[PDB]
Every structure is written in C-alpha cells, then in structure tokens.
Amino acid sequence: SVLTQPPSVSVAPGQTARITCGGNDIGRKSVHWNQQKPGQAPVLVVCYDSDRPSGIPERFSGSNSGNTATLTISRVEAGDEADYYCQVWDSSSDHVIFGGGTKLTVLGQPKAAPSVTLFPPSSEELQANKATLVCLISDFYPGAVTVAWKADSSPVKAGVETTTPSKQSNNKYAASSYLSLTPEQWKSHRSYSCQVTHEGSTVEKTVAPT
C-alpha cells in the first residue's frame, strides 16, 4: 500500500494550506498526521481523520474521503513551517505506512531562482586517480531543490552526494551536489551535466573533459 504526498507546498501568511495524502480506499482507514518542525521531533497534529490533540491550534483541520485525506491549515503563520506526514495502518500486510512528506513553506519573501556553478575535476585530483564534479547552487527560495546528473544524455545515479539547503546571510538558500567518477569514466564520455530543478523550472550546466 502506498501513500502519495506533494514534496512541497508554499503558501502566503494568512492564506489556507492544503496538504493531500492519496491512497486507494484511504477513506476506509483512519488517518493520523504528524508535523515535524525543523530539527524537532515529530508531533501529532491531527488524529483519526479530523480530531485535534490538545495544545494543537484550531486552525489545524483534517478531512478524509474516498481516495484522499487532506490536512488543512487556516490562517497559516510562519511558525507552521514544517514537514507534514500522513500515516495509516494497512491491515492486509500489518504494516504502518507513512506518506513521503510535504515541506510547507510559509512565504516570507518572493520566490527566487537558483544560480548554478559547475566545476570539472582538477588535473590534480585526476592525478590522484579520483574525479569529482562540483555543482554549487545558491540564492534560491523556497529552500527546496532537486538535482539530477547526466553522463552524455543518460541519467547517472551512482556516486551522487547532495546537501540539504542552508540559509545564507541574504536569507535565501544554498546547497551543493557532488558527482564522483573514475578518471576513466570522466575521460570516456563527451560531457557530464548537473541539472537543478526549483519550483518546476530547471537550470542545467555542462562540462567536458576536453
């Protein structure tokens, strides 16, 4: 059994946030929701589809029907920024299942698109029989990005290491991604690419061993 959530939702302060959790016949199950504020342990914000535990603001509301459970947050405030997860229990497999989570950003500034800088391996590193491509990503908001690498036209998933975003002094975000290769790999392709996706738009930089 699989539960589907959007990886991110952005909302202006005071507006209403809706976070969905899709699952076939999820309406039959009871859905609980967690809020995981940055660096804090998960807490329960909605239980049994639509109940609120004590302490939780009345702005937090839940709904569950058919194939979709929804967490609704009215009059959202900055303090509501967090990752939200739905969870159910699947009786057929005796498993607890979490959705993939939703990052909720409460927009404190306009959206900002990332700048991407891509460095090829240094000749010094190649001499040490290693090769690392360095993809530096900066000045973006909200602080969520996905990075994909390519060798020529083909996706590369092995040897990829990517950081979580970190807030800069200008209150925008930075992250970095690294691709490790053998010198032989680096030399035997025509090019490699770092593709950065942010808010459905993509920036791709390419480097070549030549």
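Just count from 1 along the sequence shown to find any residue number.
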Mean B factor on CA atoms, stretches 50-58 and 28-36, record says higher is 50-58
Ranked by mean Cα B-factor in the entry, 10-18 and 197-205, top stretch is 10-18
Among 162, 166, 68, 170, highest Cα B-factor in the entry goes to 68
Listed options 97, 112, 78, 131: highest C-alpha B factor recorded at 78
Residue 156: CA temperature factor from the record, placed by chain third, in the highest
Binned into thirds over the chain's modelled residues, the C-alpha B-factor of residue 182 lands in the middle
On the chain's distribution of Cα B-factors, residue 108 falls within the third called highest
Chain-relative C-alpha B factor for residue 117 (record values, thirds): the lowest
Residue 93: C-alpha B-factor third of its chain, per the entry, is the middle
